[PDB]
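**Q** Here it is: the structure, laid out below.
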Amino acid sequence: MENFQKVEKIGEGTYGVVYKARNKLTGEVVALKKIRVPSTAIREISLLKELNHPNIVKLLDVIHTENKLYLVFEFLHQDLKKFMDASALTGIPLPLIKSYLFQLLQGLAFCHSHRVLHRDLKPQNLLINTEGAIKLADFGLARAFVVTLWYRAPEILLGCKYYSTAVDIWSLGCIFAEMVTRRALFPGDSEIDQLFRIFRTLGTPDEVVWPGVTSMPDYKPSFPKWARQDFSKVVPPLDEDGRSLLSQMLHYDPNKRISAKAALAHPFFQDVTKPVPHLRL
Ligand SMILES: O=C1Nc2ccc(-c3cnco3)cc2/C1=C/Nc1ccc2c(c1)CS(=O)(=O)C2
């Protein structure tokens, strides 16, 4: 703590406040996260600094002193939420959307292969730099330890306590649609409102499309029954390749939902390139 000179407060996270800080020693600029300490967390967090991938925000150090916990992450200047706000008028170019989705899927495939889940993916957690790269931040913290519910998977909202890697694919699918249309896909303001907004778009799930759904802890036979909408109306003007991938990312049944690995081979990415975005820092 004493070894860092806090510059600015980057923002309040799910498990603590994040500050832009300068390592008074090395002089390097980093992201200092003050965790708002169990031995389990310590061990879990420790394994995370071993995970290294170009599309994952690197956990540099873990400072456990005076019974306090500080996580030191690599620093990136902008998150996707701010970039989207800045591109509100023209929207993000499709080539850049495709590049970002491609890199994010690589990041997830890597984490998923190590059995590490994010569980709370959202625009605020996706950081970008001037080189055209995008990285996932806060990976694996959920397991170690006005909340947005917009990117929450159906199985989580229905009471399933043993979620899988599929929950991250759902969140990513929601973010994908948002970049294309420039509007949140399911902006619920409560757990039931979130669930109903999903049902009104993709249809109320039943035993046909999702075996075992009526046995979920929070499922109620009294749920209204809405018909499914066509994706052409939900995410215009995404082409057929894109709509195809999106539908596979938003399948109700977690077991039918596409994996990050398989999505990487989807036809939507046949013409992927790596454009450099115009960032205003
Ligand atoms: O560079 C960074 N590393 C991080 C590690 C974790 C988190 C985080 C998020 N929620 C909880 O934890 C964030 C970072 C991080 C931040 N850099 C950064 C730096 C500046 C700005 C933003 C983000 C947002 S903006 O409005 O675009 C300005």
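Note on naming: chains are A, B, ... as they come in the structure tokens, residues start from 1 per chain, ligands start from 1 in the order shown.
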Using only C-alpha atoms and all ligand atoms, which residues of the polymer chains come no farther than 9 Å from ligand 1? I'd like the answer as number ranges by chain.

**A** A: 8-20, 30-33, 57-59, 71-83, 124-128, 136-139, 281

**Q** Any idea what's packed within 6 Å of range 268-280 of chain A, counting only C-alpha atoms, ignoring anything in its chain fewer than 5 positions away? Could you give it as a compact mmCIF listing (two decimals) with N, CA, C and O atoms, in the first residue's frame?

**A**
# COMPACT_ATOMS: atom_id res chain seq x y z
N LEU A 96 -14.39 -4.10 -36.40
CA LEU A 96 -13.85 -3.97 -35.05
C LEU A 96 -14.65 -4.84 -34.09
O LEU A 96 -14.10 -5.43 -33.17
N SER A 99 -13.47 -8.32 -34.59
CA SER A 99 -12.14 -8.50 -34.02
C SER A 99 -12.22 -8.65 -32.50
O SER A 99 -11.58 -9.52 -31.92
N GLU A 131 -3.57 -0.49 -29.43
CA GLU A 131 -3.12 -1.46 -30.42
C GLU A 131 -4.21 -2.31 -31.06
O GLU A 131 -3.93 -3.11 -31.95
N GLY A 132 -5.45 -2.15 -30.61
CA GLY A 132 -6.53 -2.94 -31.19
C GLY A 132 -6.85 -4.19 -30.39
O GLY A 132 -7.62 -5.04 -30.83
N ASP A 241 -24.67 -14.87 -40.84
CA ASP A 241 -23.60 -15.56 -40.11
C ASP A 241 -23.64 -15.10 -38.65
O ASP A 241 -23.63 -15.92 -37.73
N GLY A 242 -23.69 -13.78 -38.46
CA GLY A 242 -23.72 -13.21 -37.13
C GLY A 242 -24.93 -13.62 -36.31
O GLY A 242 -24.82 -13.92 -35.13

**Q** Find the residues around residue 235 in chain A up to 10 Å (only C-alpha atoms counted), leave out those fewer than 6 positions away in its own chain, and share them as a list in words.

**A**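 Skipping anything fewer than 6 positions along the chain leaves residues 176, 177, 178, 179, 180, 181, 182, 183, 185, 242, 243 and 246 of chain A.
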
**Q** Dump C-alpha atoms for the selected residues as a PDB file, in the first residue's frame?

**A**
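part.pdb, freshly written:
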ATOM      1  CA  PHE A 176     -22.263  -8.885 -28.835  1.00  0.00           C
ATOM      2  CA  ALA A 177     -25.870  -7.850 -29.529  1.00  0.00           C
ATOM      3  CA  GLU A 178     -25.344  -4.615 -27.608  1.00  0.00           C
ATOM      4  CA  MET A 179     -22.324  -3.620 -29.731  1.00  0.00           C
ATOM      5  CA  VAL A 180     -24.297  -4.246 -32.925  1.00  0.00           C
ATOM      6  CA  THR A 181     -27.516  -2.445 -31.980  1.00  0.00           C
ATOM      7  CA  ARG A 182     -26.030   0.089 -29.539  1.00  0.00           C
ATOM      8  CA  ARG A 183     -28.666  -0.796 -26.942  1.00  0.00           C
ATOM      9  CA  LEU A 185     -30.472  -6.536 -25.152  1.00  0.00           C
ATOM     10  CA  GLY A 242     -23.722 -13.213 -37.127  1.00  0.00           C
ATOM     11  CA  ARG A 243     -27.329 -14.022 -36.248  1.00  0.00           C
ATOM     12  CA  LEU A 246     -25.624 -15.205 -31.659  1.00  0.00           C
TER      13      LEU A 246
END

**Q** Which residues, written as number ranges by chain, have at least one atom at most 8 Å from range 37-52 of chain A, with only C-alpha atoms counted and residues fewer than 6 positions away on the same chain left out?

**A** A: 58-62, 67-69, 111, 140-141, 144-145

**Q** Using only C-alpha atoms, can you tell me which of A:227, A:89, A:158, A:84 comes closest to residue 214 in chain A?

**A**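 The shortest atom-to-atom distance to residue 214 in chain A comes from A:158.
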
**Q** Which of these, A:54, A:267, A:91, A:188, has the shortest distance to residue 110 in chain A once you count only C-alpha atoms?

**A**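 Going through A:54, A:267, A:91, A:188 one by one, the smallest distance to residue 110 in chain A is for A:54.
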
**Q** Name the closest residue to residue 153 in chain A among the candidates A:206, A:87, A:257, A:233; distances are taken between atoms, counting only C-alpha atoms.

**A** A:257

**Q** Write down as a ChimeraX atom specification the residues belonging to range 24-224 of chain A that are assigned helix (DSSP H, G or I) by DSSP computed on the backbone.

**A** /A:39-48,80-86,94-113,123-125,141-144,154-157,166-181,191-202,213-215

**Q** How many Å lie between CA of residue 106 in chain A and CA of residue 143 in chain A, rounded to one decimal?

**A**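 According to the coordinates, CA of residue 106 in chain A and CA of residue 143 in chain A are separated by 20.9 Å.
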